[PDB]
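For reference, chains read A, B, C, D, E and F in written order, and residue numbers begin at 1 within each chain.
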């Protein structure tokens, strides 16, 4: 046996029992002809193939699939035709692959979700009450205070992660809970205990639907109802413990000491190795389907024998969660710091200006260009890498609708500033000090501010690119193409006046050009440089006399604002599909 | 011919948990043995120990007897075949070509028709003649199916005619019909006077009456080993009857596993497992197995020698075969050839897009644009080299790992084969780039200058690609190699080349590091070729190109020929470096 | 299980005063502690929900708090109606547990009991049985132990003691001790005596009865 | 509901020849559920081959079979004496399971003429008021035999019954018998009874008679 | 080694009850297998009738609509069949078989029983010896089978027994054996006929006449 | 208005079983958790268990798992509790109550029933014996005894109810399955041994009434 323990219920659904029914649904990619009705208190497992390309049956039922469309039939939820609003208000979909933030605790993870799902009229005591009820129901009081981390591997077990993934859906008290592959990656005992947990959730006035391919013997015995499919064609719908009798009474026995789910699935499976076998097996499957439809023709249900949080509160919650998670992730912060410091020290030492012969004009200009141009190399890769790692969470959270793109947009941009500013300090200050650049507070501060704005613009560009292209490598390619274009158009490597129309237009919007020109108008503004030679004419010769320094700052701000508009439109209009 | 395999005892430890403990087993020719276990059971370690894939990873204290003779550790690779759970094949080759190349490396004899005689035979045995001469390709809908790929790998092992075969979880990414077909295939292979031992993760109910012996391991301990009938009788005697509709593999695997969710469960299930294992050790089945193992040691009837026929061609024949294998793999891949030949052209056209003409007036950029272009050529060229290596080498790296563990060739021989086949494509790619951009830009009309330019940029491309290949030998994730090489290229042009920092006014450690960067020598060659004969017009400090050369890297013209000798000495050096690096890879 | 313990099962208070009733948990209950007020004859009323949250309809005189495992219910300006039994109950984890309860009583000046011995009536004498009873009326405090003696011989069996709660008008307590014997055992002895041992004397107050 | 047909219905071959039998499904069938059964006169069918190509225990490893879709076949590489049996095709692709009609193979033998003998009624028939005349035609081959009856040259076909056996396990020949039932009043009124046995191993019929009432 | 032995009534009339049984030994019918009945018509055509799974679940094929049922007794392990629709078309040989439930096939088969259904009456045989090769004819009786042999097994070879021909509910069976004239007429032989339906056994000596 | 109404009092013999009811009103009973509580005189309260009617789920107190069976009929909004194999220690007042939380984990019992007294005793109905107490020779206290009655309540007064003060009543004690009740009065020295008084005892359960008038003696 496995294990017996407390089977009490702690968090039950308080509303009227809900229903879900499907009437002659025909979906092609797909699903040929399904009819069923289930009610609160039952648990329906779906076994066999049952799906379609890149979308399971449960995604078809919730009305959010891909690569196909519903051709006929109806889906009804709580007596009403299915719609995106009924799905959002009733269906707690738990996906096969999602992630929780690595460095929050269970209490913190549930607390942040609770703040974003429960009505704004709840007091904090009521939200803490709800979180504790969910923790009690899922048997998480022991290990409630540990890390939910996946990337942080040390922490709570995979079973407990699965339970937390269920809890973040249970918090808003759903009536219909739908799970896709709940026992995936779990051990035998863990999967068994998880299925019993799902049974208790069903017991507490809820409807639970489970998509489960190839269930084990001991898991099959725990099922209340089972829907057996070979393809989109159903074979049997009804009580799991009577499934064998159904087949035995229609001429297809099953041996003792053979799992019913595996044997029947293999018996009705449609091999495509040859045309003769595929033809014979499709004919067999259609015969069994017609036979079932006849068997339950005269039997009912085809079964054999509140104000929400506003944008500001959502923003506040997202910014606190983002800052809380990333500032506990110390290895990444140390790596980013170490890379910025080592790079700034190498640039500083190469252009060292204290214990040496004073830097030439052209060496100083090369230095200022290198200070600007050599930074995006790491910034682009880490912003794109981080954005791609977060698409699963963003996609499913926006799909569920606990927040809109506005609060996420602002929280995402603002949350990197406590790391960005430290990064700018570490990168900026050792080069300005090691290479003997212009003394005084005002040059130093103007240099720092210009570098800060340019790197910010770079981050917004990479952020907009990562959210626009469907994959990591295409977004990386696009970002490097813009970076290399801006680099060449920067005006140091090639002359700005000796340009064809389109490179001139590229130079006009190149943030590395404005970075270079600004730094040059700080180091050589009104200072006399020993070559004496007036700085103003020297800047004029290189065609850097026009556009006063404040306009350079405004232009960099404008370019960042442009990429912000692109990023916002990108996220809202184009879906951030995972992987 | 009662061929047999026996394990008298087996223990294995690392450094410092122990992995296996006192595992005895006996299997004869014609029998199929399935080894079961959960996470941490050590069944894969047991197969790795038998196949000799550990070498010195840990201490193995067991005794392995084949046909009455104990084997030495160094003979393990010559007796036991081994198929890994994930087969990496070269998608550009056909089944016939893949098995042909495998046979060419596996056997030393000549008379080429004989090789086809062996290859066609295995394509008959595993029903591959139906799919012979078909491109391997992508997944089933647009290429060869997964089950067919499994059979191709099995055939590749069969080309040396092994007598004892070890399969590490052959049915992991397969559907139920494909996995059933593979198990039926393996039992048929066992029937033909051969020993087949495999592991299975989640075996279906149908398989239980198909295997001849089933063994269960848990944390290195052997819980049961016997036939399915003996399995049911043993577990019924212990008081655990099988439930009505349960899969025997699921029930017995649950019964013999340890639940680690809580301390009460770990203790309870540990005691239950120890009761079962203790009941097993005293049983008649275990004693019969131990006596059969003892008996074979003293029967002077069938002593035999190691199998698979260790016919081993020399180094240059292997390099020839690998060279035409990788070459054939490349030419049939139209996209890889197009990218490999045209990326430098795309780079050139991009640079040409920004600067249409050099414009001889100094105030309008006569010096600035030339230095910009040479700097960008030197920086960008090893980047495209790196891109070729990262995109194309890892498939060959995985293949060479799988085949190098099998004893066909060493990893560095695949490294050299890759290293050699890319040379005509790098030469063609550079000439395609140069023949467009050089004359369109109008860098210098002289043909001799064009020649020196093309050779001067040819060398960085190869240097970048070779450096990327050496780094891939020890850095498993190619995206890390991508970023590291791109960063080294940028640092190289920044430090090594006088274009941005005059080499005579920078600190001593940067001059010293600069002397080892190829960008220094390439930049010196290109600046001499570009500026020596020019006379500029038009602040405009310089009028003659010789003045500019004297300003940055003075005296470079007198070292021009020697600079080529230095630059093209970086390419052999990295190759020799690669040879050691991949040998170090052999210990990782 | 988590055991809730309430010490000081009786608190003598005066009207208009301040009452503090404590309760400690055997484990962490995370402030999920309710307080109930029960009066004789009635079902208990919920006074406090989670440790500090006052229930709707309950007067502001009632309050509560806690720290760690130690919680307190306070009553300011105690009313006549607030003389009741109060219970501490935790709902952190099943099984739910209640404390033992504490009861309030009205503080009064000490008083000695009026004690009397009654012999059996002839209607009891004619039934073959007998009993001798002694009453203790209008005493304070309630903890009065009364023993019986028959010609100096202590009798432990056959003694019932019925006590009452605090009188609503006098604020005193009363009790009645009844000794049951058969007729022949009764007649066997000449005199009976019972002595009240209590807190307002340094020696028992002893009463006696004889016949003829 | 799948109907199975088989061909040839009745076939013959000599020992050592390769012989095939074909089973056709009325729809299609999956290869795993096709079975062949062997039945000999006197007893129940025995399992011969299951799942088209897996031989049952005890079959002397010279039988095979194959097929897919709608076409399945059974092959014997070299016939022996013990293969003279009826082979049934069975499927359970779709319930109910069904059987074909079976194919019956027989062994070839050199041609042989029958021994023909005509017998009088017994005294226990003569005393009971009726009579029958019995004409036996033994140990012939092939079974394609034609027997005529005549009384005083006048053919009498009505009231005459006949029968024959299957191929004998002892000499591979065929034998038959014919009984003519006549009224005693008809029997004693004629003194010439005859059988005209015409068959393909001769060129003229063998004519036998019983010249007695 | 599993034994399946059918038993039951021999000759019965139509519009009666009729229960055939299959006693199964060597393997309990409460463990695996589907346990069914198969019928063969006198035309060598097999027909499947129905099964009772070990769980007690039964299945009968269509186009035999509500004609029969299959029952069983647990401890004793008998296998039963009761076809109410006892129409004359049901004459033939019946036998039970064991189905393997992995891939559905019949491995073990019984021996079978011959069921004859008609209103015809049991009649004892008439036996007439035949001689001028010698033998005997047995006719004018019903139902089948009749065992026909010879005294002490003398003519164990060289003998041909012809399948019976039924006419007007009575049948004629005939048997003939050739013995060379080198030993006949001294080594006396007889025709031994036994009819279980009436339990009549007759042994008639055969005498040749001029 | 939320209201819980329980069944009446019960008296049964040891070894038998009882069934109590609690009808809910004013709320959606079916989907709320209802709990049961035992209050045994001399002790505090004991938790019996919680019940969830829509599913019929019972959260058990392990002490009471084999004794109290909880159920409900949602078609009549009534919860039931059945007590099996009764002994003398099960005589107590049983309560039903509903929680503040529709979800069920927090036992803050907002509304309560009335209490169903359960008495377990083998005793049969019996009238009381009434005795006067003689004051003896010598304020003066006189009194009376009521002994040997079953079942309770018994109403005892003095002078047919006119003695508004000075009278104490002592709660009954159970001994040998019958109850013992006593009462006493303090009277002025002008009203004894001069005026007479009466002990008035009524017992509805056994349909009796005894008026024991006591006059001066002893």
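The definition used in the following text is that a residue touches a chain if its C-beta (ideal position, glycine included) is under 8 Å from a C-beta of that chain, and two chains touch if they have at least 3 such contacts.
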{"item": "Comparison of A-E and C-F (more C-beta pairs in contact)", "value": "C-F"}
{"item": "Between subunit F and subunit E, distance of the C-alpha-averaged centres to the nearest whole Å", "value": "85"}
{"item": "Separation of mean Cα positions, subunit C and subunit B [Å, integer]", "value": "87"}
{"item": "Between subunit F and subunit D, distance of the C-alpha-averaged centres to the nearest whole Å", "value": "99"}
{"item": "Euclidean distance of C-alpha centroids - subunit D vs subunit E, Å", "value": "19"}
{"item": "Two or more partner chains touched - positions in subunit F", "value": "59, 105-106"}
{"item": "Residue list for subunit A, restricted to those that touch at least two other chains", "value": "8, 244, 250-252, 254-258"}
{"item": "For subunit E, residues that touch 2 or more chains besides their own", "value": "59, 61, 102, 104"}
{"item": "Pairs of chains satisfying the touch condition", "value": "A-B, A-C, A-D, A-E, A-F, C-F, D-E"}
{"item": "Interface residues, subunit D side, partner subunit A - complex", "value": "27-31, 68-70, 92-97"}
{"item": "Residues of subunit D touching subunit E in the complex", "value": "1, 32-33, 35, 37, 39, 43-47, 50-51, 56, 86, 88, 90, 92, 95-99, 101-102, 115, 117, 119, 121-122, 124-125, 132, 134, 136, 138-139, 161-165, 168, 170, 175-177, 179"}
{"item": "Residues of subunit A that touch subunit F when the two form their complex", "value": "8-17, 41, 129, 133, 136-137, 173, 203-205"}
{"item": "Residue ranges of subunit F in contact with subunit A within the complex", "value": "31-33, 52, 54-55, 57, 59-60, 102-106"}
{"item": "Interface residues, subunit C side, partner subunit F - complex", "value": "32, 34, 36, 43-46, 49-50, 55, 87, 89, 91, 94-101, 114, 116-121, 123-124, 127, 131, 133, 135, 137, 160, 162-164, 174-176, 178, 209"}
